[PDB]
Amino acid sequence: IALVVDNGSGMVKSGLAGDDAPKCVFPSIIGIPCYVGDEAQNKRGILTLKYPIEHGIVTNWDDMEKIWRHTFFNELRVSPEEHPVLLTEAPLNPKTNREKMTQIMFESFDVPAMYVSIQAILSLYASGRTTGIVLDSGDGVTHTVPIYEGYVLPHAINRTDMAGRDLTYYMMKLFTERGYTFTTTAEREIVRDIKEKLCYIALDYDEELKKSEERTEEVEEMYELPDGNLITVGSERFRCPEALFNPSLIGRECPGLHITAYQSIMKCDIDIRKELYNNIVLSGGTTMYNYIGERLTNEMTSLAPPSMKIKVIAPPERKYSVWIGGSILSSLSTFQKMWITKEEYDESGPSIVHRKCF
């Protein structure tokens, strides 16, 4: 039975092919005293926390191998020599990194077989589509990925570093504007929880801001800190994720989610754009804000030509859509000989990943 490992910039999603959800989800972080995952955030005596996949591209292969060791032996508790392994990669993943992934799987873990899939492709499959534009907003990266008949359109792909991690920091800053100082690693995790639990997208930002000032009770929610004291969370609930649509709020020069989606569509052949507009698929944890689908529908309609049909698909399990797509793919009868075997790798070299995985 295959293992499915989605190598997220912020969270590893891992489990068993044929399950409908990943059973082991943990942070893709290293703590240098090495600690991996949750242990890395709970130890006080930590020089630095390291993100080896900070913006979706692996930068430290030794640290990545430690994360995979922790995945197999501490989390899934399996022997990698007994299982084919499906790994995920970002769109536009550099060729040498695809080769290094393959080399580590075969030479360090002795897996019998492996495969590498693009995250956005897997999310599109999980939604039951072969054509669409995937907007995958994760922790350290947001990808905008047009796909036609099963293949990404590389000239039209966009990547920005703006995603959930930036929004956690922005929420911290907004609270600082009120005298709270969430600074420590533990406090930052509390702010991340506040963000996930209480934020929402404003369909009409100017009117939601007016309500928060003049009718604060209709916006305000209390949040229970781990010591039981309550903090009031008001306009922060919608000001924080508004940065996804207006990134100058966090000092960034990249365009908002909708603008980047539009520009990607505009890089595609005019004769498939209608299909892309009717198949905007949200994936990743930072697309989980309430009302984001309706907001994006309104923005995309206003950017598109008269009478263009717009549809934003916001699947309820989309924090795990990449992984779920991989679980489906690697379960199929036809996938049985699509794996790269150890013997093929010894026969052809790491170059095999480019000829077998696309």
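Start at 1 with the first residue shown and count on from there.
A chain break between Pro33 and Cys34 is present, corresponding to 10 or more residues of the deposited sequence without coordinates. Set 306-314 against 288-296 and average the Cα temperature factors; 306-314 ends up higher. When the two stretches 328-336 and 45-53 are set side by side, the higher mean Cα temperature factor goes to 45-53. Looking at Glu218, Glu236, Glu89, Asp139, the one whose CA carries the top B-factor in the deposited record is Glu218. Remark: of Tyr151, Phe182, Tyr115, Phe245, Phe182 shows the highest value [criterion: C-alpha B-factor in the PDB entry].
Per the PDB record, residue ranking by Cα B-factor puts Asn279 in the lowest third of the chain.
Annotation for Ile29: C-alpha temperature factor in the highest third relative to the rest of the modelled chain, per the entry.
Per the deposited record, the Cα B-factor of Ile1 falls in the highest third when ranked against the other modelled residues of its chain. When the modelled residues of the chain are ordered by C-alpha B-factor, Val58 sits in the middle third. Annotation for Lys23: C-alpha temperature factor in the middle third relative to the rest of the modelled chain, per the entry.
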